[PDB]
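Inspection log for the structure reproduced underneath, given as structure tokens.
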Amino acid sequence: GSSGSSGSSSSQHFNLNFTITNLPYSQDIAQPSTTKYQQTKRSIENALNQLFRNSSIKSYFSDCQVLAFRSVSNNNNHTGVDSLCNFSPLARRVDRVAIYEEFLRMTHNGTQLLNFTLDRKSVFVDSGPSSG
């Protein structure tokens, strides 16, 4: 057997996160078998797509992966966007702040994402695969 395997992976995955104040955490958002969930799930993922091609990193950045939504504490009138700033195999020189600033520039300092008003301080991007 053995058809490869020699210490290879290529491509990188970035953890995209940013709560959207313009999205209440209802029961629908809790169950993937709802409309409010699928709709918002594709709505945000769709907005991020057109945002990338327009962003400064519209060459190495492939697309995003909306994992799910989280319910922030204190107030239940928000929704934590659990996305994944996925990149291409060619992308080698990519920092965390890079996608963070590129997204804030288009979202007006992280306030209005196309058609979804979201906070800025809440937003944050990190590295997914890092042994943890």
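Once each part is reduced to its C-alpha centroid, what is the distance from region 8-69 to region 84-113 in angstrom?
Going from one Cα centre to the other spans 12 Å.
Among the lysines, select those whose C-alpha is under 22 Å from the C-alpha of residue 121, and discard any that sit fewer than 8 residues away in the same chain.
The qualifying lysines are 41.
What is the helix-to-structure angle for 35-54, meaning the angle in degrees between its Cα long axis and the longest Cα principal axis of the chain, kept from 0 to 90 and rounded to the nearest 10?
50 degrees
In percent, how large is the relative contact order of the chain, given Cα pairs closer than 8 Å and 6 or more residues apart?
Reported as a whole number, the value is 38 percent.
In debye, nearest 20: dipole of the chain around its Cα centre with unit charges on the Cβ of K, R (+) and D, E (-)?
With only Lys, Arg, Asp and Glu charged at Cβ, the dipole is about 160 debye.
Using Cβ contacts closer than 10 Å as the measure, can you line up 19, 79 from fewest to most?
Lowest to highest Cβ neighbour count: 19, 79.
Sort out the exposed loop trypsin sites (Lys or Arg not before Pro) in the chain (DSSP loop, at most 16 other Cβ within 10 Å) and tell me the longest stretch that has none.
1-57
On C-alpha positions alone, give me the angle between the axis of helix 96-106 and the longest principal axis of the chain, in degrees, nearest 10.
Its long axis makes an angle of about 40 degrees.
In Å, what Rg and Dmax follow from the Cα atoms of the chain?
When restricted to the Cα atoms of the chain, Rg and Dmax are 16.0, 55 Å.
So basically every Cβ, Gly included, is an ideal-geometry build from the backbone, and we count neighbours across all protein chains shown. Each value in this text was obtained by applying a stated rule to the coordinates, not by laboratory testing.
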